[PDB]
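Secondary and tertiary structure notes
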Amino acid sequence: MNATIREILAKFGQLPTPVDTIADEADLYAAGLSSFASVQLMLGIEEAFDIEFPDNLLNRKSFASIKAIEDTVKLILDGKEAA
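Residues numbered from 1 in each chain as written, not as in the entry; some residues may be left out. Heavy atoms only, no water.

In the PDB header, solution NMR is given as the technique by which the entry was determined.

Put into structure tokens, the structure is as follows:
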């Protein structure tokens, strides 16, 4: 999921910079990650594996580190129907 999450920015995300330069240990907003790019990320990432990023982690430092946010989306899978 984690690699997939940063990957989608290439095909759906309106990022004004190639995803090649960014990583999970890098701050995506440095590449020009806009709220436009992130919302497109949601729409595609949902169908991509299962669900999209909920508000609880959306308005949060999570996007500053993919490996961090990916764990938070993983816990969703742990109990989706229990949320």
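Once you've had a look at it, read on.
Looking now at the nonpolar core. One finds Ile5, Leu41 and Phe53 to be the most contacted residues of the largest nonpolar core, which totals 20 residues. Secondary structure elements with two or more residues in this core: α1 (2-11), α2 (35-49) and α4 (66-78). Excluding residues within four positions of it along the chain, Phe53 makes contact with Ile5, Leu41, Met42, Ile45, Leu58, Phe63, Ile69 and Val73. (Core = buried A, V, L, I, M, F, W, Y, C linked by side-chain atoms within 4.5 Å. Buried < 20%, exposed > 50% of the residue type's maximum accessible area, 1.4 Å probe, protein only. Helix = DSSP H or I, 4+ residues; strand = E, 2+ residues; numbered from the N terminus. Contact = heavy atoms within 4.5 Å.)

It is the contact of α1 with α2, at a shortest axis distance of 9 Å, that shows an interaxial angle of 115°. Like other packed secondary-structure pairs, α1 and α2 cross with a definite hand, here right-handed. Across the interface between the two elements, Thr4, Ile5, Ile8 and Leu9 of α1 pack against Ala37, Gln40, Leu41, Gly44 and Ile45 of α2. For the contact of α1 with α2, a count of residues per class yields six nonpolar, three polar and no charged. (Axes fitted to C-alpha atoms, helices over the stretch in contact; angles between N-to-C directions. Left-handed = near helix turned anticlockwise from the far one by under 90°. Nonpolar A, V, L, I, M, F, W, Y, C, P; charged D, E, K, R; others polar.)

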